[PDB]
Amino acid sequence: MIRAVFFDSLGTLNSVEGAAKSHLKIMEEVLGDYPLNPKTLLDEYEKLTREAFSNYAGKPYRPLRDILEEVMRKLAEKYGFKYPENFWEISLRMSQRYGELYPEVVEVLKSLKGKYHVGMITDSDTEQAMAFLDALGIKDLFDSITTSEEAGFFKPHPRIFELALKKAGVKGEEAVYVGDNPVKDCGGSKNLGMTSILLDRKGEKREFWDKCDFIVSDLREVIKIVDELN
């Protein structure tokens, strides 16, 4: 039976309308006064990271700090603004301020907790992951936090799911994984036997609904699915 429920972080629990805001303010901070539109830097930044996250998918871990910094240095040299050494520090500050949870998050974690092992599986560095959960105040709502730094590999590599299943002591078939990336989340968890639930609040990922077992648009639908399976 289902004795565990695992969630992704970005795009699943934190409001993308909140991450987007934070990132804009990060770039505004880095610039300010400099004759470059902050929104233009943001879009170029997102393009570069997207490519970096694409190139490391399912491969050996490498500090996200070094990756994201190679990108900013690239952009600073390209546009001529001062590379902020405290880029990593400024990033966190803006997250803790403008980053927020989707409305039903606490509600859902509470229900699943107690009766089912509740864990997190993220590609983020371990320290970044802790500070983040601590900022949104949901650290103690999890029984386990599993990261790529700990597994040595990024999603969808199987090792990051295996490790989370071990920390829990359950078998893949006895576990569920909730995420918003059809291939990285659902495709990855699937290789371990886990039951996959794709979150798609905007109803856009219709094109990739088949790669997943279930499709929800509100995390409250997960408690339903679980019991239905038990």
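Heads up: residue numbers just count along the shown sequence, starting at 1.
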Tell me which of 6-14 and 218-226 has the higher mean C-alpha B-factor in the deposited entry.
218-226
Quick check on the record: does 199-207 or 30-38 carry the larger mean Cα temperature factor?
199-207
Quick one: which of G99, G137, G119, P103 shows the highest Cα temperature factor in the PDB entry?
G99
Considering only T147, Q128, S144, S95, which residue's Cα atom bears the greatest B-factor as recorded?
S95
By its CA B factor, does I160 count among the lowest, middle or highest third of the modelled residues in the chain?
lowest
Where the record places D123 (Cα B-factor, split into thirds across the chain):
lowest
When the modelled residues of the chain are sorted by Cα temperature factor, does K59 land in the lowest, middle or highest third?
lowest
Taking only the Cα B-factors deposited for this chain, tell me whether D185 sits in the lowest, middle or highest third.
lowest
Could you look up the Cα B-factor of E174 in the entry and say which third of the chain it sits in: lowest, middle or highest?
middle
